[PDB]
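A.B. asks: below is the sequence, then the experimental coordinates.
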Amino acid sequence: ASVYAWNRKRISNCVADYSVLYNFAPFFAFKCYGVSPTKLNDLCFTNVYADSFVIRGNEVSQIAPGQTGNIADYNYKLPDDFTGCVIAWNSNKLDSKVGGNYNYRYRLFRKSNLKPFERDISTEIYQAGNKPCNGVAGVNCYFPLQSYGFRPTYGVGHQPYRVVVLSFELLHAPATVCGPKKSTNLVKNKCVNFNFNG
Amino acid sequence: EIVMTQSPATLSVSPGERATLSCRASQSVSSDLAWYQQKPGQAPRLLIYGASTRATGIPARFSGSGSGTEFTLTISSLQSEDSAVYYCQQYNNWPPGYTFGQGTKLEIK
Amino acid sequence: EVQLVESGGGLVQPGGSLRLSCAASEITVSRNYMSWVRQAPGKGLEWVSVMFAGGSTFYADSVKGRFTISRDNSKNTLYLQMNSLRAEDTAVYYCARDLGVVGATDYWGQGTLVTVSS
């Protein structure tokens, strides 16, 4: 959709394969803090939160724990001790038009810094004086939702990168999303050590 | 860090005629620009931003153009007071950062 | 009228400190995007610093680690502390309110010269 009021999904009650995650071909950048990719493939959790969105290429460096910038200070801000990984794809074809793939309007005017995971979708007029632009014009009539103008002439740094961030919660965990090892046919008619689900 | 180079350096044109000023970028600046006229003795004044949008008040006599790595400002009829320095400011990277040009000296007769 | 007036400009011996201040009128600063610019004699301009509306500030790389912006919100004014002024920092400093895509920097300050002993 947009980095403005991003899209989310709460995965639970499944077997997290990961065989494609960070192993598909067109992935551009993937990096997690606290967890190794393979450990992730053997780690287990209670629930998962996926938060996908689209940002400008030159702003990918701002999606990081406590990282400071524009998109990470006034648009969408992730905690400082956030453990998990993000992945970003250069959608320089998937979301772009010579006419301007700016359907999405990122956030450029905010009253106060963001709390971690604070959806702040709003339609107001940041201003200086008494009234907003509904009754004033020129001075103090600013609107935080600015288009991107994604078009192909834009260089890489300004190509819409689609980014997806995974956050594993572990409080009180009747963990419903696991399963890295499930095979090997049983030997019969011989004294054998078996390990049936423990 | 896109390095901007203005051209020409100086210009002395008879009153009443047209004037053409070039501003040259080193990378893709699409339509992120602005033009400032810093009359000698105080801060600059914005004339034309983006590609060609005329800043409020700014006489229609000015016209900006260009995109990519090359931009141009054009003046219809130079009056005696148009003599000043002009700068093309780009902002393809707004998030605190900015990179200015070398300036152009325009005079009359 | 809408304006920005500056102070702190002067002369100081190398390695010394200084503090630049920026006052405004008929317009607020606490809730306004602020940007300090400076100009060396005869050269172009360069963005020096910025303070946001939440407090997260930023500085250019050439002056990173040495200058610190602050603002007395109570009386609608901005400040920039400088130290260890070397041969480069001799320049005229300007105060600016930059909006960006919705109108580039417009209202500026008269400027203030800051030179060093030599």
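C.D. replies: Received, thanks. Residues are numbered from 1 along each chain as shown, chains lettered A, B, ... in the order given.
A.B. asks: ok, residue C:27 touching residue A:128?
C.D. replies: Yes: contact criterion Cβ atoms under 8 Å: residue C:27 and residue A:128 qualify, at 6.2 Å. The way it works is simple: take the backbone N, C-alpha and C, and place the C-beta from them, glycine included.
A.B. asks: for chain B, what's the nearest residue on chain C?
C.D. replies: Across chain C, no residue is closer to chain B than residue C:108, which sits at 3.5 Å (Cβ to the nearest Cβ).
A.B. asks: what about that residue, neighbour count?
C.D. replies: Residues within reach of residue C:108, counting by other Cβ atoms under 10 Å in any protein chain shown, total 23.
A.B. asks: tell me the contacts of it?
C.D. replies: Contacts for residue C:108 were tallied using Cβ atoms under 8 Å, 6 or more residues apart in numbering or on different chains; they are B:43, B:44, C:4, C:37, C:94, C:95, C:96.
A.B. asks: can you check residue C:70 too?
C.D. replies: Residue C:70 neighbours (Cβ under 8 Å, 6+ apart): C:51, C:78, C:79, C:80, C:81.
A.B. asks: now those in TSV, with secondary structure, distance to residue C:69 and neighbour count?
C.D. replies: TSV is the format used below for the contacts of residue C:70 (DSSP: H, G, I helix; E, B strand; the rest coil; distance: Cβ to Cβ, whole Å; neighbours: other Cβ atoms under 10 Å in any protein chain shown):
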residue	secondary structure	distance to residue C:69	neighbour count
C:51	strand	5	25
C:78	strand	7	27
C:79	strand	7	18
C:80	strand	5	26
C:81	strand	8	15
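A.B. asks: quick check: the farthest pair among the residues you listed?
C.D. replies: The span of those, defined through Cβ to Cβ, is set by C:51 and C:81 at 12.3 Å.
A.B. asks: who touches both of these two?
C.D. replies: Counting by Cβ under 8 Å, 6+ apart, the common neighbours of residue C:51 and residue C:81 are C:69, C:70.
A.B. asks: re the thing from before, filter the contacts of residue C:108 down to the ones in strands?
C.D. replies: Of these, the ones assigned to strands by DSSP state E are C:4, C:37, C:94, C:95, C:96.
A.B. asks: top of those by number of neighbours, please.
C.D. replies: Scoring the ones in strands among the contacts of residue C:108 on neighbours with other Cβ under 10 Å, the highest-scoring entry is residue C:95 at 30 neighbours.
A.B. asks: so that one sits against residue C:4, correct?
C.D. replies: Yes: judged on Cβ under 8 Å, residue C:95 makes contact with residue C:4 at a distance of 4.4 Å.
A.B. asks: identify the contacts common to the two.
C.D. replies: In contact with both residue C:95 and residue C:4: C:22, C:108, C:109, using Cβ under 8 Å, 6+ apart.
A.B. asks: I'd like the residues you listed laid out as JSON lines, including secondary structure and distance to residue C:15.
C.D. replies: Formatted as JSON lines, these follow (DSSP: H, G, I helix; E, B strand; the rest coil; distance: Cβ to Cβ, whole Å):
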{"residue": "C:22", "secondary structure": "strand", "distance to residue C:15": "24"}
{"residue": "C:108", "secondary structure": "strand", "distance to residue C:15": "30"}
{"residue": "C:109", "secondary structure": "strand", "distance to residue C:15": "27"}
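A.B. asks: could I get those residues as a markdown table with distance to residue A:122?
C.D. replies: Putting the shared contacts of residue C:95 and residue C:4 into a markdown table (distance: Cβ to Cβ, whole Å) gives the following:
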| residue | distance to residue A:122 |
| --- | --- |
| C:22 | 30 |
| C:108 | 31 |
| C:109 | 32 |
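A.B. asks: and of these, the nearest to residue B:27?
C.D. replies: residue C:108 (26.8 Å).
A.B. asks: show the backbone phi and psi for the closest residue in space to the closest one that isn't next to it in sequence.
C.D. replies: Distances taken as Cβ to Cβ, 6 or more residues apart in numbering or on different chains place residue B:43 nearest to residue C:108, at 3.5 Å, with adjacent residues excluded. When read as degrees, to the nearest 10, the backbone of residue B:43 gives phi -70, psi 160.
A.B. asks: just give the number of residues close to residue B:43.
C.D. replies: Residue B:43 has 22 nearby residues by other Cβ under 10 Å.
A.B. asks: how about residue C:97?
C.D. replies: Neighbours of residue C:97 under the rule other Cβ under 10 Å: 23.
A.B. asks: go on, residue C:2?
C.D. replies: Number of residues near residue C:2 (other Cβ under 10 Å) recorded here: 11.
A.B. asks: that one contacts residue C:29, doesn't it?
C.D. replies: No: using Cβ under 8 Å, residue C:2 is not in contact with residue C:29, being 11.8 Å away.
A.B. asks: if we can go back for a sec, my guess is the residue nearest to residue C:108 meets residue C:94, correct?
C.D. replies: Yes: with contact defined as Cβ under 8 Å, residue B:43 reaches residue C:94; the gap is 5.7 Å.
A.B. asks: could you name every residue contacting both of those two?
C.D. replies: Common neighbours of residue B:43 and residue C:94 (criterion: Cβ under 8 Å, 6+ apart): C:108, C:109, C:111.
A.B. asks: roughly how far does the last one sit from residue B:6?
C.D. replies: Right, the one you point to is residue C:111. 21 Å (Cβ to Cβ, to the nearest Å).
A.B. asks: let me know the secondary structure of the residue of chain C found nearest chain A.
C.D. replies: The minimum distance from chain C to chain A, using Cβ to the nearest Cβ, falls at residue C:54 (3.8 Å). Classification of residue C:54 by DSSP: H, G, I helix; E, B strand; the rest coil places it in coil.
A.B. asks: the closest residue to it other than its chain neighbours: what's it in contact with?
C.D. replies: Spatially, and ignoring its direct neighbours in sequence, residue C:54 is nearest to residue A:113 (3.8 Å; Cβ to Cβ, 6+ apart). If you count contacts by Cβ under 8 Å, 6+ apart, residue A:113 has them with A:73, A:74, A:77, C:54, C:55, C:56.
A.B. asks: swap the cut-off to 10 Å and go again
C.D. replies: Contact analysis of residue A:113 by Cβ atoms under 10 Å, 6 or more residues apart in numbering or on different chains lists A:68, A:73, A:74, A:77, C:52, C:53, C:54, C:55, C:56.
A.B. asks: mind putting those residues in CSV, neighbour count and distance to residue C:115 included?
C.D. replies: Formatted as CSV, those follow (neighbours: other Cβ atoms under 10 Å in any protein chain shown; distance: Cβ to Cβ, whole Å):
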residue, neighbour count, distance to residue C:115
A:68, 14, 33
A:73, 19, 36
A:74, 23, 38
A:77, 22, 42
C:52, 18, 30
C:53, 18, 33
C:54, 13, 34
C:55, 10, 31
C:56, 16, 31
